[PDB]
Every structure is written in C-alpha cells, then in structure tokens.
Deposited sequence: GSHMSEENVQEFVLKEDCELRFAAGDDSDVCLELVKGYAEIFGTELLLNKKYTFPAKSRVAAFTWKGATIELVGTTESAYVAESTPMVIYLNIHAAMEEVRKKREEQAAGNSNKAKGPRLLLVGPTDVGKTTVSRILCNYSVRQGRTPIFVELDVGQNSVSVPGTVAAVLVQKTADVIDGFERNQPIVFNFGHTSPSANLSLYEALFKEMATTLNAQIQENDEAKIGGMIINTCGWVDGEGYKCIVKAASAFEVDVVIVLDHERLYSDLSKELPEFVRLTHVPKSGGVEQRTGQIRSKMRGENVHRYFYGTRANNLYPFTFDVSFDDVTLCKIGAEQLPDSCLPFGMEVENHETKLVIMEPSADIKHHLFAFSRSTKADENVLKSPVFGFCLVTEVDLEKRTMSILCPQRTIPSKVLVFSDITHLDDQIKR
C-alpha cells in the first residue's frame, strides 16, 4: 500500500481528497491533531471512503501518515481556524457571564448564512465539538432541506451534542428532533418552509426548560444556500424565529451589506471568508449526495452498522397523505406514483392539520407497490412501525 508522510507545523492543516475509487487511512504518529474539531488518538488508525474531502489541523505540531490513493493531498499553511476558535471562545464567555448572573442561564445562539459551497456545514461541526471539549452540551440545528447532516433530505432537524463527533461518522444521532418538508428546494413551497422552521424554534425553547445543561449549551444553526429574491426574505425570518444573538455570513458581500441594514442592532453580524479548502459543487453532485444520505439513514456506517428491517405493510393499516393550496393536507390514494418515495412516520396519531407541524419518529422508503394485494414493501430502522400516519416526500431513492 502506497504511503504519504506529512509534517504539520503549528496552525497548519493537511487537506486531502480520497480518490474517485478508493479509501484512505490516516494515523497520528507523533504529537496532537484534530479533524473538524475532534481530537485524534495517538497511533489510532482512521479510515475514510472515496471522494471524501477532509482537513486534519494541529494547534501544536503533528506528524501524520496517509495510506491509500488520493485525488489531491497538500498541507495548507493559511486557514481561517483561529477565526472559528475565537467564535467558540466568545460563545463560552457569554455562558459564564450568564451563569453568574443566574446564581437558569440561557446559552448563546448562532446563525450561519451564505450561498452554496462556502464551508457552512463544516464550520457548524467545528463549533459544536469545541463546546463539548469545554465540558458543555450544545444543540445543533439543521435547516438545509437540500443537504442535511442529522436526518434525510427534505427535513429540518436538531440534536443535543454530548460527545465530540466521530471523525469518520460525525455526530451521534441519538434521539434527534425531526420535521418533514418534502422537497429539496424551499422555492417549491415557500410558505411551508417558513412554517416548519418556526415550529422547530418553538419546540426547542420548551425542551431546554427541563435540562439546565442543554439550556446553557446554546445553539449552532445551519441554513440553505438561497440568497436571491425570495431567499433573502427567508434568512431574515429565520434570524427572528430562533432569536439569534450572532449571524455569521460566509463569502457574500452584497448579502452582508443588505443584512446590516435590516437586522436588529443587537444581533452581532460577522462576515468571514470561505476556506481555500472548499471546492465548487455541481447540480449532479448535490443530487448524488442526497442519495447517499438516504442510504446512511437506514444502513448506518462502516464503524457502527445499522441492521434495517424489510417488511410488508397493508394499506388498511396506514394512512398516506401529502402537504400541498400551498399548505393544506391532501389524502393520497395509493398509486404507482408513490413508488421510490420516502414517507415520514408522524408523531401525530391522526391525519390532521396537526400533521403539518408534528415532528416525526423517523422514515421509511417505499420499495414496492402491489395495487392488487393492497400492500407495499418498506425499508424501516425498527421491527414494527412506530406510527400509522405516513407523510409524503417528493424525494425519491432507488435502493
């Protein structure tokens, strides 16, 4: 196996992309290092899959071995990483201020905005890990229905962070809160999109009243890339709904300029550049990655395999429905057209107006439709269905 050795000076990162067709393994052999905020263990081997784009950064100096074929691999000497540490430091300062003023203290809340392909998701992950290493437990909030890191696409979601992200797998998806939007773009149904992120904010505000540690943890919030026309108005509305203290704008000067003139004055607005390590993606790449996220939901990861169940469900044992004039519930008659679509298990026990704003237990995928036998085959994370009310998503997946 072909090997590449890299010496990283303090404040440098090894940026690499796995080949189109192979894994790459990483081992820290001396010193200290981290990947998007999680500390590496000395002499532990970390294995990454094809087309991964990764950076391993060190604060003190490290020597790192890479095993396998790479499409690119270089050490960058200039990064925005101190910018992110300082965003973390400022958040923890706000916690301690509010803790002594409450002797319960409420943690700070941060909104990340900008167009697609600027490193927005990655920055969210760094900030979450730094909070955990400090002894704190933050809440991560995901509003990108096109590229979601907590649940399936076409969702808005949130999760309590109690341990640093796994280097390969990201954050433990241990009991998230999840809502189904059912399209990849907010422009498909603008008024529904806005209604869902409002309900998310309301739900989280009630949860933290029962957990002092999560309350003081605070929130880190990832947005979609729609910044023009009606997308602009969407950004302003999310900032008010989550009562954010801080807005971080990545790489859009007209947007930063326009928002400085509209946001309330107490909101701290910071423009930051995108990392030189972020590459432009195309229409086909995002669509492809949506498929891969769906696969993970059911089957898990290499390190922690999930073992999903495939079983049949009678149409008499469930109710199928679709949202959307724009935000009305419509009951679906099973047809050949639902094949390949995701459906959410609503926490609502009936197919009501309450379906619209209820979170979900999780999802299934409709793999087959037998119109004559009146059954469908589904893929499901647990042995029996957690709910009888199934909600349509326009997201399709060929499994």
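Coordinate coverage of the deposited sequence is interrupted at 1-6, 110-113, 335-351, 427-431, where no C-alpha atom was modelled.
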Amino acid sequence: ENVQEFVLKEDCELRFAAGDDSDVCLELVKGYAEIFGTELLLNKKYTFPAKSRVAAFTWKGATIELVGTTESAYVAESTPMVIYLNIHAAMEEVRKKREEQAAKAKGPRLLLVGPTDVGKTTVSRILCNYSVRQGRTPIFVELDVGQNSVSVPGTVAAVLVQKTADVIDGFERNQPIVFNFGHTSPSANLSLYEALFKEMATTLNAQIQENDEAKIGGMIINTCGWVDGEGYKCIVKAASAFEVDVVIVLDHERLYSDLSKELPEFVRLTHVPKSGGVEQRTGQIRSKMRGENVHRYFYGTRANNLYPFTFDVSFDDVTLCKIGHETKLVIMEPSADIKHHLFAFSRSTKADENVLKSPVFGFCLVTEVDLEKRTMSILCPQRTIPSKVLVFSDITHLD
From here on, numbers count along this sequence of modelled residues.
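Take the two forms, superpose them, and find the largest set of C-alpha atoms that agree within 1.5 Å; that set is the rigid core.
The stretch that moves more in 7 other deposited structures of this protein, judged by CA deviation after a rigid core superposition and choosing between 258-266 and 142-150, is 258-266.
Relative to the shown model and aligned on the rigid core, the C-alphas in 7 other deposited structures of this protein deviate most, among 228-236 and 106-114, for 228-236. Notably, residue 290 is never a gap: all other compared entries of this protein, restricted to those modelling both its neighbours, have coordinates for it, so the one-third criterion is not met. Notably, residue 317 is never a gap: all other compared entries of this protein, restricted to those modelling both its neighbours, have coordinates for it, so the one-third criterion is not met.
Comparing 125-133 with 249-257, the higher mean C-alpha B-factor in the PDB entry belongs to 249-257. Between the stretches 167-175 and 234-242, it is 167-175 that shows the larger average CA temperature factor. Note on 304, 222, 116, 162: the highest value goes to 304, judged by CA B factor as recorded. Of the candidates 265, 194, 92, 142, the deposited coordinates give 265 the top C-alpha B factor.
For residue 324, the recorded CA temperature factor ranks within the highest third of the chain's modelled residues. Among the modelled residues of the chain, residue 291 sits in the highest third by CA temperature factor in this PDB entry.
Looking at the C-alpha B-factors along this chain, the one for residue 63 belongs to the lowest third. When the modelled residues of the chain are ordered by C-alpha B-factor, residue 38 sits in the lowest third. The deposited CA B-factor of residue 98 belongs to the highest third of values across its chain.
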